[PDB]
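Undergrad: Below: one structure in structure tokens.
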Amino acid sequence: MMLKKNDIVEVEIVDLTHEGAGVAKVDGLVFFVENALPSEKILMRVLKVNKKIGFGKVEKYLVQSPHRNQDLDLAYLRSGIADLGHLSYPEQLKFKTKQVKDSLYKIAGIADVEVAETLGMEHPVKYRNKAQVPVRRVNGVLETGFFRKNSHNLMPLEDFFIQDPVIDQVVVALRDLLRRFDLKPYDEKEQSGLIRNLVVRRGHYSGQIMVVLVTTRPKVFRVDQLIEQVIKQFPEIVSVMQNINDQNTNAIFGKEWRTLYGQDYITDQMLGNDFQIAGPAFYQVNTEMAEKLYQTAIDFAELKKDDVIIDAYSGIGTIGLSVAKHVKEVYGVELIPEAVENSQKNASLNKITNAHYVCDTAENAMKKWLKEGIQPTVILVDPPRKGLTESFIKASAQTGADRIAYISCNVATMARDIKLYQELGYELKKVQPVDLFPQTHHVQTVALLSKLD
RNA sequence: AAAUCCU
Ligand SMILES: Nc1ncnc2c1ncn2[C@@H]1O[C@H](CSCC[C@H](N)C(=O)O)[C@@H](O)[C@H]1O
């Protein structure tokens with residue numbers, strides 16, 4: 001047969017993609033059906049027929065999965081912020097464990113290495129310490145909410161499910177004040193309006209709140225009066241920042257940062273020590289599981305008093321300063337000035353005078369450290385989704401480091417980079433996934449690579 | 001490809 005647009009066909013889902021979309025096969029075409037779990041009988045409406053693949057919609061459910069979550073509140077967030085909410089939490093952990101095993105095989109050619117089960121939350125809800133929230137006009141009303149997948153169409157929402165309840169109350173309180181003061185929301189198509197987004201970071205243990213008003217222009221009309229109101233409702237707001245982003249882009253922040261009130265940072269704890277976090281600086285969104293993520297990497301590293309650690313992709317120096325008292329030297333690198341400046345202050349704040357940072361790209365610092373004659377025994381790395389470059393992997397091999405711990409939020413690039421480490425004499429010993437992002441497709445992973453000879 | 005969604 002020859003399928004085409006708006007044809008209803010009975011199919012069976014036999015797999016999930018890494019992003020969470022159901023996979024079905026009909027006449028040599030791999031169809032990707034949204035909101036469809038494995039072993040489900042459905043009438044699939046064909047959306048777009050392609051050369052080798054296809055795309056579909058569930059027109060009717062004939063048989064649903066035993067592992068389906070019927071929660072109506074999570075179903076609203078499926079095409080968006082909680083794209084594995086419709087799968088039950090035990091199976092999310094099995095799914096993410098499978099993704100690490102499948103990716104290490106398909107990319108790296110590895111089938112005989114320990115990938116233990118994913119360490120999940122006891123209560124997998126209300127976890128995010130940061131929350132980026134766009135502001136838009138919906139039916140002539142200023143609304144805070146979330147975009148649907150593959151769009152900038154704002155779905156208004158108050159209860160975010162996966163975010164801190166206090167952050168939800170702050171963004172709802174900010175929404176009301178933007179309505180009250182009559183500040184115009186940013187229209188993306190028209191290129192009109194002031195208030196683009198709202199970023200609200202809140203410490204997991206401390207509870208100290210930052211607010212960032214992302215805007216098109218520098219001038220915000222009656223902002224000091226608007227700031228004065230949120231302090232009465234939420235005294236824990238130690239800082240209110242302003243970011244200016246005049247360009248038309250999917251990216252949130254522009255260049256110019258300003259301090260409208262109080263500090264230019266919040267303070268929050270991880271493990272024993274305290275850490276100052278700036279607005280543009282990175283902070284692990286799930287502090288509870290990030291502590292378990294670090295403690296896995298720290299135990300995997302098998303640290304000694306005479307070890308020399310490299311914490312590449314430092315951020316605010318959470319991993320490095322957590323182990324600096326238990327080792328001889330700690331060397332870190334971080335591209336963003338605001339993050340590495342926190343990192344230096346965090347070392348001083350916790351009486352750590354052996355944490356030596358540099359502001360550069362990771363590959364550049366490794367070339368310098370290799371040239372100037374540093375002798376690192378352990379290499380801890382925690383890059384973004386894109387992962388490591390070939391320069392860094394080759395340079396880090398030439399240092400003659402005993403162990404390398406790879407923390408990642410994208411197994412695809414991790415499996416690619418591990419494949420190159422195997423070519424330069426580093427065997428992959430252990431792997432341990434940790435669920436930093438419940439109710440979503442994203443998988444955090446730690447991986448001990450140990451050297452031969 | 002840049003951060004939970006944010007083509
Ligand atoms: N080429 C590069 N070299 C070094 N750092 C980079 C980089 N590209 C991005 N980064 C930075 O690396 C950081 C990754 S997140 C840092 C994780 C941190 N150690 C923690 O666990 O808290 C970000 O702050 C990002 O700005």
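Order determines the names: the first chain of the structure tokens is A, the second B, and so forth; residues in each chain are numbered 1 upward, and ligands are numbered 1 upward as they are shown.
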Given a cut-off of 12 Å, which residues of chain A touch chain B, counting only C-alpha atoms (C1' of nucleotides), written out as a ChimeraX atom specification?
TA: /A:76-85,126-134,145-155,160-163,197,199,249-253,280,282-283,285-286,384-387,436-443
Undergrad: Would you mind listing the residues within 7 Å of ligand 1, counting only C-alpha atoms (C1' of nucleotides) and all ligand atoms, as a list in words?
TA: residues 281, 282, 283, 284, 312, 313, 314, 315, 316, 317, 318, 319, 333, 334, 335, 336, 339, 360, 361, 362, 363, 382, 383 and 384 of chain A
Undergrad: Emit the selected residues as an mmCIF file, in the first residue's frame, including N, CA, C and O atoms.
TA:
data_model
loop_
_atom_site.group_PDB
_atom_site.id
_atom_site.type_symbol
_atom_site.label_atom_id
_atom_site.label_comp_id
_atom_site.auth_asym_id
_atom_site.auth_seq_id
_atom_site.Cartn_x
_atom_site.Cartn_y
_atom_site.Cartn_z
ATOM 1 N N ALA A 281 25.228 32.551 35.573
ATOM 2 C CA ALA A 281 25.951 31.339 35.967
ATOM 3 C C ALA A 281 25.045 30.110 35.956
ATOM 4 O O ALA A 281 23.833 30.220 36.159
ATOM 5 N N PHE A 282 25.651 28.949 35.717
ATOM 6 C CA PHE A 282 24.945 27.665 35.713
ATOM 7 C C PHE A 282 24.787 27.133 37.138
ATOM 8 O O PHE A 282 25.688 27.281 37.968
ATOM 9 N N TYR A 283 23.642 26.502 37.398
ATOM 10 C CA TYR A 283 23.404 25.758 38.637
ATOM 11 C C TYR A 283 22.536 24.539 38.329
ATOM 12 O O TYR A 283 21.522 24.665 37.635
ATOM 13 N N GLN A 284 22.943 23.373 38.836
ATOM 14 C CA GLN A 284 22.212 22.119 38.607
ATOM 15 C C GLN A 284 20.776 22.258 39.104
ATOM 16 O O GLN A 284 20.553 22.472 40.297
ATOM 17 N N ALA A 312 37.112 20.175 34.836
ATOM 18 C CA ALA A 312 36.797 20.858 33.578
ATOM 19 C C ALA A 312 35.296 21.112 33.493
ATOM 20 O O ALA A 312 34.501 20.274 33.924
ATOM 21 N N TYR A 313 34.929 22.259 32.917
ATOM 22 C CA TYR A 313 33.555 22.778 32.944
ATOM 23 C C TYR A 313 33.120 22.963 34.403
ATOM 24 O O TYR A 313 32.265 22.240 34.921
ATOM 25 N N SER A 314 33.750 23.938 35.053
ATOM 26 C CA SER A 314 33.623 24.146 36.498
ATOM 27 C C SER A 314 32.264 24.701 36.899
ATOM 28 O O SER A 314 31.654 24.218 37.855
ATOM 29 N N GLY A 315 31.803 25.714 36.167
ATOM 30 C CA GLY A 315 30.622 26.482 36.548
ATOM 31 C C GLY A 315 30.962 27.347 37.748
ATOM 32 O O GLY A 315 31.893 28.153 37.686
ATOM 33 N N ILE A 316 30.225 27.158 38.843
ATOM 34 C CA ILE A 316 30.513 27.831 40.122
ATOM 35 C C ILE A 316 31.407 26.994 41.061
ATOM 36 O O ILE A 316 31.550 27.330 42.237
ATOM 37 N N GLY A 317 31.990 25.909 40.545
ATOM 38 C CA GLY A 317 32.959 25.101 41.288
ATOM 39 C C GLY A 317 32.353 24.197 42.346
ATOM 40 O O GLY A 317 32.928 24.037 43.421
ATOM 41 N N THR A 318 31.204 23.594 42.039
ATOM 42 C CA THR A 318 30.507 22.722 42.991
ATOM 43 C C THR A 318 31.220 21.381 43.166
ATOM 44 O O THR A 318 31.395 20.913 44.294
ATOM 45 N N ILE A 319 31.629 20.776 42.052
ATOM 46 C CA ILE A 319 32.312 19.477 42.067
ATOM 47 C C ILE A 319 33.728 19.609 42.643
ATOM 48 O O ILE A 319 34.129 18.810 43.491
ATOM 49 N N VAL A 333 38.221 24.991 34.921
ATOM 50 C CA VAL A 333 38.069 25.919 33.792
ATOM 51 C C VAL A 333 36.586 26.154 33.485
ATOM 52 O O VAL A 333 35.784 25.219 33.504
ATOM 53 N N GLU A 334 36.245 27.411 33.202
ATOM 54 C CA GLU A 334 34.868 27.830 32.951
ATOM 55 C C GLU A 334 34.881 29.042 32.013
ATOM 56 O O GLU A 334 35.532 30.044 32.305
ATOM 57 N N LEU A 335 34.157 28.938 30.899
ATOM 58 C CA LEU A 335 34.153 29.974 29.860
ATOM 59 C C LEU A 335 33.467 31.279 30.289
ATOM 60 O O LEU A 335 33.926 32.365 29.925
ATOM 61 N N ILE A 336 32.387 31.172 31.064
ATOM 62 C CA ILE A 336 31.575 32.336 31.435
ATOM 63 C C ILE A 336 32.223 33.064 32.624
ATOM 64 O O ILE A 336 32.429 32.445 33.672
ATOM 65 N N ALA A 339 30.277 32.975 36.138
ATOM 66 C CA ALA A 339 30.327 31.665 36.793
ATOM 67 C C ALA A 339 31.677 31.417 37.469
ATOM 68 O O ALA A 339 31.723 30.997 38.625
ATOM 69 N N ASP A 360 38.514 30.397 30.460
ATOM 70 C CA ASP A 360 38.805 30.047 29.067
ATOM 71 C C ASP A 360 37.884 28.906 28.623
ATOM 72 O O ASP A 360 37.081 28.408 29.416
ATOM 73 N N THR A 361 37.992 28.505 27.357
ATOM 74 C CA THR A 361 37.379 27.262 26.888
ATOM 75 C C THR A 361 38.148 26.071 27.454
ATOM 76 O O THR A 361 39.328 26.190 27.794
ATOM 77 N N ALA A 362 37.478 24.925 27.539
ATOM 78 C CA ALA A 362 38.040 23.737 28.187
ATOM 79 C C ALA A 362 39.233 23.174 27.417
ATOM 80 O O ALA A 362 40.236 22.797 28.025
ATOM 81 N N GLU A 363 39.116 23.121 26.089
ATOM 82 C CA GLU A 363 40.211 22.652 25.222
ATOM 83 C C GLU A 363 41.468 23.525 25.303
ATOM 84 O O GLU A 363 42.581 23.002 25.245
ATOM 85 N N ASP A 382 32.177 17.839 33.038
ATOM 86 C CA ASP A 382 30.726 18.016 33.070
ATOM 87 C C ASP A 382 30.302 19.049 32.014
ATOM 88 O O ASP A 382 29.879 20.154 32.357
ATOM 89 N N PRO A 383 30.417 18.686 30.720
ATOM 90 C CA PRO A 383 30.085 19.616 29.638
ATOM 91 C C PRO A 383 28.579 19.771 29.384
ATOM 92 O O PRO A 383 27.783 19.031 29.968
ATOM 93 N N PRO A 384 28.188 20.721 28.506
ATOM 94 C CA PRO A 384 26.794 20.802 28.044
ATOM 95 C C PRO A 384 26.395 19.625 27.137
ATOM 96 O O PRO A 384 27.131 18.640 27.044
#
Undergrad: Taking the DSSP assignment computed from this structure's backbone, write out as JSON, numbers by chain all residues of segment 244-424 of chain A that belong to alpha helix (DSSP H).
TA: {"A": [287, 288, 289, 290, 291, 292, 293, 294, 295, 296, 297, 298, 299, 300, 301, 318, 319, 320, 321, 322, 323, 337, 338, 339, 340, 341, 342, 343, 344, 345, 346, 347, 348, 349, 362, 363, 364, 365, 366, 367, 368, 369, 370, 371, 372, 390, 391, 392, 393, 394, 395, 396, 397, 398, 411, 412, 413, 414, 415, 416, 417, 418, 419, 420, 421, 422, 423]}
Undergrad: Calculate how many Å separate atom CA of residue 432 of chain A from atom CA of residue 390 of chain A, rounding to one decimal.
TA: 23.9 Å
